[PDB]
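Trainee: take these chains first, placed just as they are in the complex:
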Amino acid sequence: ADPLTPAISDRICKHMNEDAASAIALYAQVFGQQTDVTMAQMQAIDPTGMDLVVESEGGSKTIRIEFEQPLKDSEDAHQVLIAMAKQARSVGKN
């Protein structure tokens, strides 16, 4: 139940970039409305949103995705990210 400190953010991003690099690209494609996503890495996460580095058509744009509900702790972030991954996977397969 750790608060979303910058130290926690770097930890979440570090692990998210290696374990769920697939989900990060889906975030950029579905919620970030990015086409032709090659790679996507998480740069930061805070209570109100997350920042993604999206590689596309030989170009590295950084986008920001705002959570509808503000996050309070690490567990809150965990639950939103898992749900967003499911929502993204459903839309991508269709």
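Mentor: Yes, it's here. Numbers count the residues shown, from 1 in each chain, chains lettered A, B, ... in the order given.
Trainee: what about the helices in chain A?
Mentor: Counting by DSSP state H, chain A has helices at residues A:6-19, A:21-30, A:74-93.
Trainee: ranking the ones you listed by burial, who's on top?
Mentor: Mean neighbour count (mean count of other C-beta atoms under 10 Å) peaks for helix A:21-30 among these, with a mean of 20. C-beta coordinates here come from the backbone N, C-alpha and C atoms, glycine included.
Trainee: got the contact list for residue A:85?
Mentor: Going by C-beta atoms under 8 Å, 6 or more residues apart in numbering, residue A:85 touches A:20, A:23, A:26, A:27.
Trainee: any chance of the helices of chain A in CSV with distance to residue A:48 as columns?
Mentor: What follows is the helices of chain A, written out as CSV (distance: least, C-beta to C-beta, whole Å):
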stretch, distance to residue A:48
helix A:6-19, 12
helix A:21-30, 16
helix A:74-93, 11
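Trainee: among those, which is nearest residue A:57?
Mentor: Residue A:57 lies closest to helix A:21-30 among these, at 13.0 Å (C-beta to C-beta).
Trainee: quick one, that closest one and helix A:6-19 angle?
Mentor: On the basis of axes from the mean of the first three to the mean of the last three C-alpha atoms, to 10 degrees, helix A:21-30 is oriented at 100 degrees to helix A:6-19.
Trainee: and the contacts of helix A:21-30?
Mentor: Residues contacting helix A:21-30 (C-beta under 8 Å, 6+ apart): A:16-17, A:34-35, A:37, A:39-42, A:50, A:52, A:54, A:63, A:65, A:81, A:84-85, A:87-89, A:91-92.
Trainee: further, place chain B onto the existing structure:
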Amino acid sequence: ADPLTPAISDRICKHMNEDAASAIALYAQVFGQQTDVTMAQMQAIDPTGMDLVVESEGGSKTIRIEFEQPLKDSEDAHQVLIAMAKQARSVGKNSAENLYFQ
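Mentor: Chain B added:
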């Protein structure tokens, strides 16, 4: 750098059964040599191995997967589990098919 205590095992297994249920089935399929796995849940994890409950059309079999290298801490476990999931996915991409001739 948390040691792999029984309390840590319960936490890892809980999260792995929630966010990684797909990868635990690949563990049963690839490393556990189980064919036609319906569901697979992780029951326990310790430095020398992990215990899986594998359901295969009403089988509910408990198998044990022994790690090549003993785990040292929770970070080591984290790394090992990810590589095993990637490896399991890779072998799955090299698909096998019964072969028949014209």
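Trainee: just list whatever residues bridge to the nearest residue to residue A:17 once chain neighbours are set aside.
Mentor: Spatially, and ignoring its direct neighbours in sequence, residue A:17 is nearest to residue A:41 (5.0 Å; C-beta to C-beta, 6 or more residues apart in numbering or on different chains). Beta-bridge partners recorded for residue A:41 (DSSP bridges): residue A:53.
Trainee: assess the claim that residue A:41 and residue A:52 are in contact.
Mentor: Yes. If you go by C-beta atoms under 8 Å, residue A:41 and residue A:52 touch, sitting 7.2 Å apart.
Trainee: which one of the two is surrounded by more residues?
Mentor: residue A:52 (25 against 19; other C-beta atoms under 10 Å in any protein chain shown).
Trainee: dump the residue contacts of the closest residue to residue A:74 other than its chain neighbours.
Mentor: Sequence neighbours aside, residue A:2 is the residue nearest to residue A:74 in space, at 4.5 Å (criterion: C-beta to C-beta, 6+ apart). By C-beta atoms under 8 Å, 6 or more residues apart in numbering or on different chains, residue A:2 lies in contact with A:8, A:73, A:74.
Trainee: quick check, nearest of those to residue A:58?
Mentor: Of those, the one sitting nearest to residue A:58 (C-beta to C-beta) turns out to be residue A:8, at 33.0 Å.
Trainee: on that earlier part again, would you mind measuring from the residue nearest to residue A:17 to chain B?
Mentor: Distance, residue A:41 to chain B, using C-beta to the nearest C-beta, to the nearest Å: 16 Å.
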